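> Just the first chains of my complex for now:
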Amino acid sequence: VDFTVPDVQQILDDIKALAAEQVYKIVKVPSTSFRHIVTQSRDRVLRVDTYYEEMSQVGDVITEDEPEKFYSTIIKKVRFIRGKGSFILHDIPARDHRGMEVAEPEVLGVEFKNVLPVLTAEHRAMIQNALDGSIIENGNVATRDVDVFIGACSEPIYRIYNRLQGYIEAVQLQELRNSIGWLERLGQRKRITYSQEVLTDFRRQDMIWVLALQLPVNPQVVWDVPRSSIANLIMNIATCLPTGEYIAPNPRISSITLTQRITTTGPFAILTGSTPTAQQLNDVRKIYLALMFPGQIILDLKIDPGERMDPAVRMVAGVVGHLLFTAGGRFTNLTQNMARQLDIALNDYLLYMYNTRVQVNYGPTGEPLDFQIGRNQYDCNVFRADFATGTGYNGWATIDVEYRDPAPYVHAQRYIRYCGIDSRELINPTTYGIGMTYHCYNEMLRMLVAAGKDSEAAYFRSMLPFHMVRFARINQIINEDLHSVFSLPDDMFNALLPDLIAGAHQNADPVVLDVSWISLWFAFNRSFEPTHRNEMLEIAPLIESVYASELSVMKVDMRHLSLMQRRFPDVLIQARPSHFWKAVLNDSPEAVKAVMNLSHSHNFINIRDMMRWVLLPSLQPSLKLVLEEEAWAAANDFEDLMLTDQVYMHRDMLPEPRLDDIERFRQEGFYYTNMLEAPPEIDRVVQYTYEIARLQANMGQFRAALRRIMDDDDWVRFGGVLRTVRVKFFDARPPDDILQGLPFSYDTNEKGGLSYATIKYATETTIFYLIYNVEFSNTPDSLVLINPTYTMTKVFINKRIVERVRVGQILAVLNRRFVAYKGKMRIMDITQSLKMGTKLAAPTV
């Protein structure tokens, strides 16, 4: 009475720790999405998107021939999005102006400050108006009051804020209610009292709830996992399995029936035997567990030792077994082999006949049990092993697979009521084991006397109660207790027995528990009264949902990563499926993998099995889920990831402007950039493959070719690889590395006589903005030089990062709605509330 489940469980602990992962951030002000850089001029300045600057350096350099790296680099970036974007506003900085709630400048995405000191009196005032012009709308949403204002924010990010908020909204009405109620059902079905205390508050009236997990789960996702069968079972038991004790019957029952006539000795001289624990009891635990599963774990073959002789032990087990296990036509308990040996042990016990004969009418088939034992001739053919029928063994002419339709899970809500014991109530067992037939047990008792021993069949009449309670107990445990997303689905439950008969094999594998011949008897003289349930039960459902959601997140990721190859071929040519998910597995939670590996390190999954699983439409939504899903969406642009195909080289002069009216340089200080407003005319571009460059260099024509193309003004563009984009700003003439930095490498090395060459294409590309700063001592001439200064690299991205702005044009960006909860109202995630409950005890004897 003390079995647990280590190493498969230390995992359940950190899965419990997963519930703690806070994926959102609550702020009173959103992060700045727009910065303003000040050129020397009060008229115009330039705005920056920040987001892009950050997105600039997120993942590693995007190198070809390193698919795994690439994938992770992307994953980081996508993950980065939902990160920067998940935040809810609360207690915002309001201001009062002419009886209206105005937003404090700090609450909108944008920085003026820089600008403020310059702008003219008029400009300043103008902006002031726009500021006290930004008013806050009131009331609405989720029955409780929220503040709405129009602040600015970067495209991709804002999308996440939006989705997040939408989720919170759903929770506030629909989703919270669902999850709670589901629990109330589960607490009814599984006898668990659930704490409602969290919402009993008092200040509850104005408290926003942030349940981030959702409860109904969805059995699918759990079973959609390839070969999960066994791992899920392990899970079910590791979770849902109670610790109990094996009770013994009345010592008197045998003494009065069996051990009555002292001078009989019979097959039940066996009764005296106590239990060899080590082997025996673990064997009884096996038999119990297996039988309380039931068709999942079979009570397979019965070991082999030469103790198999011991006719008393053998015969005894033969009878015991026909009442302990189900060969039932609804589902199986034992092996075909295990049964055959049982029927034989039984067959011998019958035609053993140590005393006065009866009538033994042997049948046409020499097959064991083809004999009808006289007086009334109860042909023991009905006590043979017909699995498809149930015929001899337990159940037989009984119904055990019934369906009380509404029940939690929808994991086909069936119910196994062993021998018709519709055990829905608290057992005694001093009462309940009364007038209870089993039919199989009943007919057993008839055949038991029509054939032979009364003294032996009388012990069976006196046993009925204790036997009915072992079973009634089991039902409550199987049926009521171990009813989780880890207990097997029904269409499979029903397929176990017939697939076993057919011999043909599919994923849904029976467990092989080899049993002691003698343990059979011991099990019949040991009922089961569970002392106390597993501590994981109340928390379980939460944990279930954690796992579920985590799985779907992975699926999603892979769905997008998969198509990345047909998407960007030039980058992932060497890409093979294995690559992309090894990266997923890598960036995803280890505890989850562990759960899968239970049956994966055992069953083997092929990339194909994985794709199927990915493509399976069944996802349990959580906060994490929806956000990642939406992140991936925004993250489809790729210009939005800061890596573009468009990088060319072209002989370009550095703008050397005239300076007559120095005051006119209140202009945008001629910023200049590589950033092409639009790409070149294709007929003017020269597409280079390594392949061609090789050839040209092979003829000592490479350099020459390039020169001519450049001299022709025409543009050249190497590769077709992605390349990471960098962004830098300059106050004056940048380094030659940036200006004349060539997007390729060409070297020549003489070895032996031969002479080899090496050509590499760059992966990093820098976009820059060179702000022109001037002074009064400057001459119109000063900026012009006899010979030009050249810039070769030019990039293109149709995503407005840095742009010429007016001043009054600053506030423009405000185009984004915002929802912020009142500071006086409370917000709190009660995601952790789902583990608050209590295992409802048993009445005990």
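Right, received. Where do you want to start? Numbering: from 1, shown residues only, chains lettered A, B, ... in the order given.

> tell me how far stretch A:707-716 is from the chain's mean position?
Chain-centre distance of stretch A:707-716: 54 Å, with C-alpha atoms, centre = their mean, to the nearest Å.

> Tell me the buried residues in that stretch?
A:709, A:710, A:714, A:715, A:716 (16 or more other C-beta atoms under 10 Å). All C-beta spots, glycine's among them, are computed from the backbone N, C-alpha and C.

> Same question for stretch A:688-708.
In terms of neighbour count (16+ other C-beta under 10 Å), stretch A:688-708 has its buried residues at A:688, A:693, A:696, A:697, A:702, A:705, A:706.

> so which helix or strand takes in the last one?
Right, residue A:706. Secondary structure assigned from DSSP states H and E places residue A:706 in helix A:702-711.

> got the CA positions of the helix or strand following that helix in CSV?
Once the chain leaves helix A:702-711, the next helix or strand it forms, by DSSP H and E, is strand A:715-718. Provided in CSV are the C-alpha atoms of strand A:715-718 (Å, rounded to 0.1, in the frame of the first residue of the first chain):
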residue,chain,number,x,y,z
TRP,A,715,23.0,48.2,-61.4
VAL,A,716,24.1,44.7,-60.3
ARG,A,717,22.6,42.5,-57.7
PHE,A,718,24.4,39.4,-56.3
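
> Starting from strand A:715-718, tell me the next helix or strand along the chain.
Downstream of strand A:715-718, the first helix or strand assigned by DSSP H and E is strand A:724-730.

> Which elements pack onto the helix or strand just after that next one?
Next helix or strand after strand A:724-730 toward the C-terminus (DSSP H and E): helix A:736-739. Under the contact definition 3 or more C-beta pairs under 8 Å, 6 or more residues apart in numbering; DSSP states H and E, helix A:736-739 sits against strand A:790-795.

> What strands line up against the strand it packs on, and which way round?
strand A:647-653 (antiparallel) (DSSP bridges).

> List the buried residues for the strand it pairs with?
A:647, A:648, A:649, A:650, A:651, A:652.

> Centre of the chain to it, how far?
Offset of strand A:647-653 from its chain centre (C-alpha atoms, centre = their mean): 48 Å.

> and chain B on top of that:
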Amino acid sequence: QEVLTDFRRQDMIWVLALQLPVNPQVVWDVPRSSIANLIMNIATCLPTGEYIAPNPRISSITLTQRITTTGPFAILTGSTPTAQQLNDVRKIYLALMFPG
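Chain B added:
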């Protein structure tokens, strides 16, 4: 990442002594070569590698601290019959790695 430029310096006159596409037969014409050839084939092309064992979980699996499955071959726990037979396995592998 390198390539062969067929650039010949005006100083260098090349002297190649053996051409590459080798005539298969000259090697296999040598009488009683078979064995020697084979060994050569091994010593030159046969890579370096390690023998892997399957997963212990493929046979027995733990359900409870007390309950575990047992593989029908418990004898499979025999510690390799010295190199006397370990080498004897190497024979096997090497044998199938070289058709008939």
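
> now the angle from the helix holding residue A:706 to strand A:790-795?
90 degrees (axes from the mean of the first three to the mean of the last three C-alpha atoms, to 10 degrees).

> Quick one: the strands in the stretch 1-150 of chain A, in order.
A:25-27, A:35-37, A:45-48, A:87-90, A:94-97, A:100-103, A:146-150 (DSSP state E, counting those that start in this stretch).

> Give me the contact list for the helix holding residue A:706.
For helix A:702-711, the external contacting residues (C-beta atoms under 8 Å, 6 or more residues apart in numbering or on different chains) are A:649, A:650, A:651, A:686, A:693, A:696, A:715, A:716, A:746.

> In JSON lines: those residues, plus distance to residue A:377.
Below are these laid out as JSON lines (distance: C-beta to C-beta, whole Å):
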{"residue": "A:649", "distance to residue A:377": "103"}
{"residue": "A:650", "distance to residue A:377": "106"}
{"residue": "A:651", "distance to residue A:377": "111"}
{"residue": "A:686", "distance to residue A:377": "102"}
{"residue": "A:693", "distance to residue A:377": "98"}
{"residue": "A:696", "distance to residue A:377": "103"}
{"residue": "A:715", "distance to residue A:377": "104"}
{"residue": "A:716", "distance to residue A:377": "102"}
{"residue": "A:746", "distance to residue A:377": "102"}
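
> and which of those residues is nearest residue A:488?
residue A:693 (60.9 Å; C-beta to C-beta).

> residue contacts, that closest one?
By C-beta under 8 Å, 6+ apart, the neighbours of residue A:693 are A:702, A:718, A:744, A:746, A:759.

> Just the angle for the helix or strand hosting the last one relative to helix A:702-711, thanks.
The one in question is residue A:759. Residue A:759 is part of strand A:756-761, with elements assigned from DSSP H and E. Angle of strand A:756-761 versus helix A:702-711, following the same axes, to 10 degrees, is 30 degrees.

> now for strand A:756-761, which elements pack on it?
Counting contacts by 3 or more C-beta pairs under 8 Å, 6 or more residues apart in numbering or on different chains; DSSP states H and E, strand A:756-761 packs against helix A:690-698, strand A:744-749, strand B:2-4.

> mind adding chain C? sequence follows:
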Amino acid sequence: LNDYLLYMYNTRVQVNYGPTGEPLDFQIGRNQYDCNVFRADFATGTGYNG
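Once chain C is put in with the chains from before, the structure reads:
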């Protein structure tokens, strides 16, 4: 193989032997099934791989 298809540590199955004393003539199985297939023809390779 033969010697061991024939070694039954559990309940025995119907072994319907063949006229030839040659190993693997029988047909063990409640559905028969030749064990003659796993003989050893070098021109066919009927027993072992491929």
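
> try the contacts of residue A:693 again now we have chain C.
Per C-beta under 8 Å, 6+ apart, neighbours of residue A:693: A:702, A:718, A:744, A:746, A:759.

> Tell me how many other residues crowd the closest residue to residue A:808 other than its chain neighbours.
Nearest non-adjacent residue to residue A:808, counting by C-beta to C-beta, 6 or more residues apart in numbering or on different chains: residue A:126, 5.5 Å away. Neighbourhood size, residue A:126 [other C-beta atoms under 10 Å in any protein chain shown]: 15.

> cool, and residue A:500?
19.

> With adjacent residues omitted, what lies nearest to it?
residue A:332 (5.9 Å).

> tell me the contacts of that neighbour?
Counting by C-beta under 8 Å, 6+ apart, residue A:332 has contacts A:295, A:298, A:326, A:387, A:496, A:497, A:500.

> most neighbours, which of these?
residue A:326 (28 neighbours).

> Which positions in stretch A:815-829 come out as buried?
Of the residues in stretch A:815-829, A:816, A:818, A:819, A:820, A:821, A:822, A:825, A:826, A:829 count as buried by neighbour count, 16 or more other C-beta atoms under 10 Å in any protein chain shown.

> what does stretch A:271-288 give?
So for stretch A:271-288, counting by 16+ other C-beta under 10 Å, buried means A:271, A:275, A:280, A:281, A:282, A:283, A:284, A:285, A:286, A:287, A:288.

> I'd say the second one and residue A:281 touch.
Yes - taking contacts as C-beta atoms under 8 Å, residue A:275 lies within contact range of residue A:281: 6.1 Å.

> where do the contact lists of these two overlap?
What both residue A:275 and residue A:281 touch, as defined by C-beta under 8 Å, 6+ apart, is the set residue A:522.

> Could you pull up the residues touching residue A:145?
Residue A:145 touches A:138, A:139, A:822, A:825, counting by C-beta under 8 Å, 6+ apart.

> Could you do residue A:218 as well?
Per C-beta under 8 Å, 6+ apart, neighbours of residue A:218: A:548, A:618, A:619, A:620.

> can I get those residues in TSV with neighbour count?
Shown next, in TSV, are the contacts of residue A:218 (neighbours: other C-beta atoms under 10 Å in any protein chain shown):
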residue	neighbour count
A:548	27
A:618	16
A:619	20
A:620	26
